[PDB]
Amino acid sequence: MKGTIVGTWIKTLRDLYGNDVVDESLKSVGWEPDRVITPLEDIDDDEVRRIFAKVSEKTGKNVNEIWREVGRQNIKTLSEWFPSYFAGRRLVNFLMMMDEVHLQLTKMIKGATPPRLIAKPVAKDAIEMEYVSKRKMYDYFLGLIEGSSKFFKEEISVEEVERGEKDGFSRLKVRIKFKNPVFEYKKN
């Protein structure tokens, strides 16, 4: 996992659960309690997993539920740290831009396995967005979507269409419906 995003998660964990839980979780995998993780680093996925399991044990919340809560709150953290990804956008543009963003942020790592987040319109007021990744981070993905809605103040209805592993990759497809129409038919 690129350090760019792991750094945001550590802050978000502090925001949600507090410094003791976070400091102890970091110390439990051999990190300095105050470690600041940089874009220059590649963090092992299994370490992130151990940290979250320790956060789980101390809070007494299921780890899926923690990823869900982190997903929702991390949008806030992202918009404070990298506002230019948010400014002058509405929800629909932000979400459709996300696949491209994750390729751009990992393209100079080789062996990079960004999550794929391809979205397409399926109706005047709806898109289908599909999470595809080896990392099975389904609750994070869903949480991020819920936090994006809340950050842009745009109500959405989200339907999980399908979730499972297709040939090695975890996949989760959702249909996201906006309150009003956001697309219109145009000459292709």
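All residue numbers are counted from 1 along the displayed sequence.
Taking the mean C-alpha B-factor of each stretch as recorded, 78 to 86 and 99 to 107 are not equal, and the higher mean is that of 78 to 86. For the two regions 31 to 39 and 48 to 56, the entry's Cα B-factors average higher over 31 to 39.
Of the candidates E146, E155, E160, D139, the deposited coordinates give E155 the top C-alpha B factor.
Among all modelled residues in this chain, the alpha-carbon of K11 has a temperature factor (C-alpha) in the lowest third. For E128, the recorded CA temperature factor ranks within the highest third of the chain's modelled residues. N93: CA B factor in the highest third of modelled residues in this chain (values from the PDB entry). Annotation for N19: C-alpha temperature factor in the lowest third relative to the rest of the modelled chain, per the entry.
Ranked within its chain, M1 lands in the middle third, by CA B factor from the PDB record.
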